[PDB]
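All remarks here apply to the structure that follows.
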Amino acid sequence: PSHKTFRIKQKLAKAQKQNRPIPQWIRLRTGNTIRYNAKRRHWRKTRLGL
Amino acid sequence: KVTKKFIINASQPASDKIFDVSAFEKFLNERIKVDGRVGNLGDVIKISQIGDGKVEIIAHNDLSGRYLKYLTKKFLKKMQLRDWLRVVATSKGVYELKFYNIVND
Amino acid sequence: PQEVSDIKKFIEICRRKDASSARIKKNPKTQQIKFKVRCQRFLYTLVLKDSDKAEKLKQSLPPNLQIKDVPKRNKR
Amino acid sequence: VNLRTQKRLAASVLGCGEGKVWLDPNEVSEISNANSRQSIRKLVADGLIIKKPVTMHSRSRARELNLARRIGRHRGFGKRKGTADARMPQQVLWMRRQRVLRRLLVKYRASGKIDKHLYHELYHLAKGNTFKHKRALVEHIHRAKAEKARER
Amino acid sequence: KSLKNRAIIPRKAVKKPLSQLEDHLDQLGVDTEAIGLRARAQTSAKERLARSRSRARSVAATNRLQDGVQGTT
Amino acid sequence: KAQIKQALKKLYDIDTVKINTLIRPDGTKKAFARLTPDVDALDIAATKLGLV
RNA sequence: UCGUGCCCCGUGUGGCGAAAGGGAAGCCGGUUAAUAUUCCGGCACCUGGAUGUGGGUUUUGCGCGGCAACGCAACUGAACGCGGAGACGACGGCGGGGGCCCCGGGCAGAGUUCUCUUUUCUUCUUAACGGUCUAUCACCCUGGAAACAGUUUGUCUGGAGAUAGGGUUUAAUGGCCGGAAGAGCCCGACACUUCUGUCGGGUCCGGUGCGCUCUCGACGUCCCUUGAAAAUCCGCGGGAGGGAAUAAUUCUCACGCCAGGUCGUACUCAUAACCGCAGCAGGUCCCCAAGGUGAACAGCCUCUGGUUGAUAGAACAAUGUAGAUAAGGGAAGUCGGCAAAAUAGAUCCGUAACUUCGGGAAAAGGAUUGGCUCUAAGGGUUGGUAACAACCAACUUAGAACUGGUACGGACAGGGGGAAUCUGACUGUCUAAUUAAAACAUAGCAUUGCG
RNA sequence: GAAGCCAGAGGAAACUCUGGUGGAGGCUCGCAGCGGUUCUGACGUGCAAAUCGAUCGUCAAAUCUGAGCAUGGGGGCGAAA
């Protein structure tokens, strides 16, 4: 809701900053095994569990 | 007894020979109704021409410029000039007939 | 906002150092004139008819106080 | 060319619904080039965006039906659907009649046509519902005055 | 007329075509070239900050997906 | 807000009449500091801050 | 100097727990692509602190007036106490006010115009905060009433002081004024590559109500049900201390000065933003709620505002799902009138057995319902047999003539009725997802234990 | 249409009758809401691991409902299935 606490909003801020695809320079590194964000989150799909 | 003066200025269409001022005067004389009946002008309402394509009305009753504009629009609809001429109130009691805005195509 | 009905009281209000500005609103339809002085806590309005008494009140206001006429359109 | 943003901005500027917004179909390119409310107001001033007038809803048939019911039409048994008390409450009629009778009684007491004791008896009779309306009260007062004058 | 579902646009809100008005006055029989309808028919720091505003509304400042890689290949 | 205005005055010699603060959805705080009418914010941003 | 000591009060001594309980105070206009009672402009309020000016009081020290209710801008108030506010149910009608709805005139604009329509529609607005004049109840003064009076829709009041006459007061979302027309809105004429606009005219005057909604107020009804607390604020009892003409002031009076920290503020709130594994016909707590028909936030149609989204095209076989009709007979069908049909609104006549006398009952059974033109009845204000004149206004009720008809609650909406038997007193409750019932509970009755 | 109240006609009075007012009831028809009686109902790998249509019961209260809190399995709660 709009009425939210500071701790909850701070966790949502961290989640929103983490919600991004990986940079394209990650894939060009030598010995790189990461191809996508396996921990990517969407609002419709999976809940944060707060 | 109070008097009211109304001006209907059709100078530009009269100079363009699209609007017949005498025909409009006859239409006003036949269609202005007093106490709910037409042909009841008498000494109450005087309609005249002051020249230059203008119609001038003296009314001793509570005759409305809205009613005069309504009858002007009725006459324009009869003459098939409703879609091309607009009656705009420019002063207190002055209704002037002019062309709509024209785009050069 | 407060309305003052006394000329001397309006003059004493305008002589205050807290008074920053004053303005003249002319209502030609009502035939009246309004002198409005802005203070810290209140805006004081004095209402007259358009007359030589208001005309002389204009220079009986203190010279250091800024006086302006209200324009016909309030531009933002 | 997509103009949902322009239609929403024009509706917010003109203070109307989005169904009342008219965008010129021959000026779609420079309407789409408008991306701000200042540009929307500029197009409104230029006439490329106008607000359509209200859809028609007249009251003429309603007023004519009201005049017909004033002169007495459409009041028959086939027209009535609610009960008599639902259409006009007997409590409301009794309230109106009591207020009218008490007002006329206090007016006559103030004017001095009737005295205090006869006014009190008329008030009790009005509460006991012997007076059907004003002229009934008036003729009762007149016959009481006639009897008093005959006795005197 | 479609007055049941919608209202008619006012005539003053639509600019009338000169060719259509010419044809209408011709069909009612008015000498249009004598009255001339063609003539009557119509037809610094602040600067740098405004340029920065125009750039801000047009091109994003950063590209976190592609800033770490430079060179078209 | 008091710490923000003290920091602005100590760093850039900037005086403010009021400061509004909000915590952004990314988690950082943003402050709108309105300067006094005597000083020009355009001049300050052009010279001290380089915001042109 | 004080950071050390001396007294006083000592009945008592914690915290958490409500974004719907209590609560210090902000409105209008504009502005963004997305925020706004938060930004901008104008105009305010509250709290805390410091601190002057003007005014008030004072040698009769801590005001004055009116019989009085109580007023006026100020009017010293410690410990200890009293009181009030916060602080209260549900329901029914009545009255006032705001807003919405309805009618009329006027300006401007728009639409219609074969014909008719002085026509139909649209803008005509005034916030917080203040000043001034009024408005239930209640209170105060003269006076003492039966031939009892006053008074409400509702029967309460009055020698424990009524009617009447005269005043004081809590209560405005009432009138006027400031705010404030400079705003907003409507119209017109120019300018206009953009940047940008500029200048004119207005924004007026009434009426109506068993209308809807909110709020306020006096009442009345119900209880073996009697419908929170605390923080906080104010008054009073009391007079401890403090109090001066060198001028003083422990003046809640006006004006002036300073400051107001932290956190939330986007969006959705649902036939796509929540839960149900999903963009699922399910479920999920509220506020605002127009016009017509009509008793009606019933069903049907329309305005503002929203959608036109839920795979489409062609053809019209059987059997389906949903909706209907059918000559004659009218339950002969079937375990069983299952289903369907029939009845249905409103006015009037009339209504049996039984009964706990309350009901049964809308029992049963009948007459009528359109349109048009009329008639009659039901009111308000002002003014010295006024039983009279003038003005204004709305919805009901009854009667008559004429007239169309296959129809007249013409769609919608909307009891089939009755004779009995068993059964449980009734109102109510349960087996969420096969059983709503003679089951459970209920009031009443009876018994047992406990000082 | 219960008390209470008003008027008239009686009755020595106590009481009786008539016409009003009044707005009570774990009353009643019925919209929303809550619930779930019936249909050879739809649906039966359904829109749905209980939904949809018509019909029905109730609708001023033993009515419906949100949040905070309490009762935790040898238990609780239960108008008792």
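Numbering starts fresh at 1 for the residues of each chain in the structure tokens, the chains themselves are lettered A, B, ... in the order given, and ligands are numbered from 1 as they appear.
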Using only C-alpha atoms (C1' of nucleotides), which residues sit within 10 Å of residue D:119 once same-chain residues fewer than 6 positions away are excluded, as number ranges by chain?
D: 102, 105-106, 108-109, 113, 125, 141
Could the residues in this selection be saved with N, CA and C atoms as a compact mmCIF listing (two decimals), in the first residue's frame?
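Written file, out_32.txt:
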```
# COMPACT_ATOMS: atom_id res chain seq x y z
N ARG D 102 -54.68 25.36 12.80
CA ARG D 102 -54.08 26.04 13.94
C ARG D 102 -53.58 27.43 13.57
N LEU D 105 -56.66 29.61 13.37
CA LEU D 105 -57.16 29.88 14.71
C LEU D 105 -56.31 30.92 15.44
N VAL D 106 -54.98 30.83 15.33
CA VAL D 106 -54.14 31.81 16.01
C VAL D 106 -54.24 33.17 15.31
N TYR D 108 -57.07 34.32 13.92
CA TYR D 108 -58.32 34.90 14.41
C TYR D 108 -58.22 35.33 15.87
N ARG D 109 -57.44 34.61 16.68
CA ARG D 109 -57.23 35.02 18.06
C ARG D 109 -56.45 36.32 18.14
N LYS D 113 -61.38 38.24 16.41
CA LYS D 113 -62.69 37.75 16.00
C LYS D 113 -63.24 36.74 17.00
N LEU D 125 -61.61 20.83 19.25
CA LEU D 125 -62.45 20.22 18.21
C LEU D 125 -61.64 19.93 16.95
N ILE D 141 -67.48 28.82 13.15
CA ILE D 141 -67.28 30.08 13.87
C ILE D 141 -68.47 31.01 13.65
```
So which residues touch residue H:80 within 12 Å, counting only C-alpha atoms (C1' of nucleotides), skipping near sequence neighbours fewer than 5 positions away, as a PyMOL selection string?
chain G and resi 429-431+439-441
Would you list which chain E residues are within 12 Å of chain A using only C-alpha atoms, as a PyMOL selection string?
chain E and resi 63-71
Saved selection, atoms kept: N, CA and C atoms, as a PDB file, in the first residue's frame:
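This is the output file result_19.pdb:
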```pdb
ATOM      1  N   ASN E  63      23.375   4.405 -20.160  1.00  0.00           N
ATOM      2  CA  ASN E  63      22.838   3.163 -20.720  1.00  0.00           C
ATOM      3  C   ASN E  63      23.529   2.021 -19.976  1.00  0.00           C
ATOM      4  N   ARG E  64      22.936   1.596 -18.856  1.00  0.00           N
ATOM      5  CA  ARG E  64      23.565   0.593 -17.999  1.00  0.00           C
ATOM      6  C   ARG E  64      23.703  -0.763 -18.679  1.00  0.00           C
ATOM      7  N   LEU E  65      22.922  -1.025 -19.727  1.00  0.00           N
ATOM      8  CA  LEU E  65      23.042  -2.287 -20.445  1.00  0.00           C
ATOM      9  C   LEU E  65      24.264  -2.301 -21.356  1.00  0.00           C
ATOM     10  N   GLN E  66      24.635  -1.147 -21.918  1.00  0.00           N
ATOM     11  CA  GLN E  66      25.646  -1.091 -22.965  1.00  0.00           C
ATOM     12  C   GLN E  66      26.787  -0.112 -22.713  1.00  0.00           C
ATOM     13  N   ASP E  67      26.851   0.538 -21.547  1.00  0.00           N
ATOM     14  CA  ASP E  67      27.965   1.446 -21.280  1.00  0.00           C
ATOM     15  C   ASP E  67      29.278   0.710 -21.055  1.00  0.00           C
ATOM     16  N   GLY E  68      29.230  -0.534 -20.591  1.00  0.00           N
ATOM     17  CA  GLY E  68      30.440  -1.285 -20.344  1.00  0.00           C
ATOM     18  C   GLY E  68      31.123  -1.834 -21.571  1.00  0.00           C
ATOM     19  N   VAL E  69      30.498  -1.711 -22.740  1.00  0.00           N
ATOM     20  CA  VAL E  69      31.054  -2.188 -24.001  1.00  0.00           C
ATOM     21  C   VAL E  69      31.103  -1.013 -24.967  1.00  0.00           C
ATOM     22  N   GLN E  70      32.276  -0.765 -25.546  1.00  0.00           N
ATOM     23  CA  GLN E  70      32.448   0.264 -26.560  1.00  0.00           C
ATOM     24  C   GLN E  70      33.112  -0.332 -27.794  1.00  0.00           C
ATOM     25  N   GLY E  71      32.783   0.233 -28.953  1.00  0.00           N
ATOM     26  CA  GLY E  71      33.187  -0.336 -30.223  1.00  0.00           C
ATOM     27  C   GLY E  71      32.022  -1.073 -30.847  1.00  0.00           C
TER      28      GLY E  71
END
```
Can you list, as a PyMOL selection string, every protein, DNA or RNA residue that comes within 12 Å of stretch 138-140 of chain D when you count only C-alpha atoms (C1' of nucleotides), leaving out same-chain residues fewer than 6 positions away?
(chain D and resi 101+104-105+108+113-114+118-119+121-122+125-126+130-132+146-147) or (chain G and resi 387)
Those residues you just picked out, can you put them in a file as a PDB file, in the first residue's frame with C-alpha atoms (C1' of nucleotides)?
```pdb
ATOM      1  CA  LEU D 101     -56.398  25.068  11.082  1.00  0.00           C
ATOM      2  CA  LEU D 104     -56.095  30.222  11.066  1.00  0.00           C
ATOM      3  CA  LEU D 105     -57.158  29.884  14.714  1.00  0.00           C
ATOM      4  CA  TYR D 108     -58.325  34.896  14.412  1.00  0.00           C
ATOM      5  CA  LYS D 113     -62.692  37.746  16.000  1.00  0.00           C
ATOM      6  CA  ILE D 114     -62.767  34.874  18.512  1.00  0.00           C
ATOM      7  CA  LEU D 118     -63.973  29.646  22.233  1.00  0.00           C
ATOM      8  CA  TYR D 119     -60.525  29.485  20.605  1.00  0.00           C
ATOM      9  CA  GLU D 121     -62.720  24.787  22.302  1.00  0.00           C
ATOM     10  CA  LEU D 122     -62.100  25.165  18.557  1.00  0.00           C
ATOM     11  CA  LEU D 125     -62.446  20.224  18.211  1.00  0.00           C
ATOM     12  CA  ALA D 126     -59.830  20.593  15.453  1.00  0.00           C
ATOM     13  CA  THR D 130     -64.647  17.668  13.335  1.00  0.00           C
ATOM     14  CA  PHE D 131     -63.358  20.336  10.921  1.00  0.00           C
ATOM     15  CA  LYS D 132     -62.742  18.951   7.456  1.00  0.00           C
ATOM     16  CA  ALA D 146     -74.920  33.728  15.445  1.00  0.00           C
ATOM     17  CA  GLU D 147     -75.956  31.603  18.439  1.00  0.00           C
TER      18      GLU D 147
ATOM     19  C1'   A G 387     -67.862  36.473   6.172  1.00  0.00           C
TER      20        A G 387
END
```
Rounded to one decimal place, report the atom CA of residue D:28-atom CA of residue D:4 distance in Å.
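Rounded to one decimal, the two atoms are 12.1 Å apart.
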Determine, counting only C-alpha atoms (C1' of nucleotides), which protein, DNA and RNA residues have an atom within 12 Å of an atom of residue C:5; residues of the same chain fewer than 5 positions away are not included. Present the result as number ranges by chain.
C: 10-11, 34-35, 44-48; G: 131, 177-178
List as a compact mmCIF listing (two decimals) with C-alpha atoms, in the first residue's frame the protein and nucleic acid residues near residue F:21, meaning an atom at most 9 Å away when only C-alpha atoms (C1' of nucleotides) are counted, but skip any in the same chain fewer than 2 places from it.
```txt
# COMPACT_ATOMS: atom_id res chain seq x y z
CA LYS F 1 17.05 19.42 6.65
CA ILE F 19 14.39 22.72 1.93
CA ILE F 23 13.46 9.45 -0.12
CA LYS F 29 17.44 11.14 -0.44
CA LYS F 30 16.69 14.07 -2.76
CA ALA F 31 16.52 17.67 -1.52
CA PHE F 32 14.97 20.71 -3.20
CA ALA F 33 16.66 23.72 -1.59
```
Residues near residue D:41, anyone? I mean within 10 Å using only C-alpha atoms (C1' of nucleotides), not counting same-chain ones fewer than 6 positions away, as a list in words.
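Contacts, in chain order: residues 9, 10, 13, 14, 34, 47 and 49 of chain D.
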Within stretch 16-133 of chain D, find each residue whose DSSP state, derived from the backbone, is alpha helix (DSSP H), and express the selection as JSON, numbers by chain.
{"D": [28, 29, 30, 31, 32, 37, 38, 39, 40, 41, 42, 43, 44, 45, 46, 60, 61, 62, 63, 64, 65, 66, 67, 68, 69, 70, 71, 84, 85, 86, 87, 90, 91, 92, 93, 94, 95, 96, 97, 98, 99, 100, 101, 102, 103, 104, 105, 106, 107, 108, 109, 110, 111, 116, 117, 118, 119, 120, 121, 122, 123, 124, 125, 126, 127]}
Show which residues sit within 12 Å of residue E:35, as a VMD selection string. Count only C-alpha atoms (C1' of nucleotides), and ignore same-chain residues fewer than 2 positions away.
(chain B and resid 12 to 18) or (chain E and resid 22 25 30 to 33 37 to 41)
Output C-alpha atoms of each residue in that selection to a file, as a CSV table (one decimal), in the first residue's frame.
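What follows is the written file again.csv:
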```csv
chain,number,residue,atom,x,y,z
B,12,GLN,CA,-20.9,42.8,-46.5
B,13,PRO,CA,-23.4,40.2,-47.8
B,14,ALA,CA,-25.6,43.0,-49.2
B,15,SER,CA,-22.6,44.4,-51.0
B,16,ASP,CA,-21.8,40.9,-52.2
B,17,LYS,CA,-25.5,40.6,-53.4
B,18,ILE,CA,-26.1,37.4,-51.6
E,22,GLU,CA,-17.3,29.1,-54.5
E,25,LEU,CA,-22.3,30.7,-54.4
E,30,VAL,CA,-23.6,35.1,-57.3
E,31,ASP,CA,-20.8,36.6,-59.3
E,32,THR,CA,-17.9,35.5,-57.1
E,33,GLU,CA,-15.1,37.0,-59.2
E,37,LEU,CA,-13.4,35.6,-52.5
E,38,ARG,CA,-9.7,34.7,-53.1
E,39,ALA,CA,-8.6,37.8,-51.1
E,40,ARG,CA,-11.1,37.1,-48.3
E,41,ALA,CA,-9.9,33.5,-48.0
```
Hey, which bits of chain E sit within 9 Å of chain F, and for each residue what's the closest pair of atoms and how far apart in Å (one decimal), counting only C-alpha atoms, rows by chain and increasing number, as a tab-separated table?
```
residue	atom	partner	partner_atom	distance
E:44	CA	F:52	CA	8.8
E:45	CA	F:52	CA	5.6
E:46	CA	F:42	CA	7.4
E:47	CA	F:52	CA	8.8
E:48	CA	F:52	CA	5.9
E:49	CA	F:52	CA	5.6
E:52	CA	F:52	CA	8.1
```
Just C-alpha atoms for this one: save the residues we selected as an mmCIF file, in the first residue's frame.
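Saved the output as out_23.cif:
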```cif
data_model
loop_
_atom_site.group_PDB
_atom_site.id
_atom_site.type_symbol
_atom_site.label_atom_id
_atom_site.label_comp_id
_atom_site.auth_asym_id
_atom_site.auth_seq_id
_atom_site.Cartn_x
_atom_site.Cartn_y
_atom_site.Cartn_z
ATOM 1 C CA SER E 44 24.052 32.166 -22.207
ATOM 2 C CA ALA E 45 23.564 30.009 -19.114
ATOM 3 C CA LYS E 46 19.790 29.949 -19.648
ATOM 4 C CA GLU E 47 20.311 28.882 -23.274
ATOM 5 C CA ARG E 48 22.711 26.114 -22.216
ATOM 6 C CA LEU E 49 20.280 24.903 -19.550
ATOM 7 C CA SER E 52 20.334 20.494 -21.504
#
```
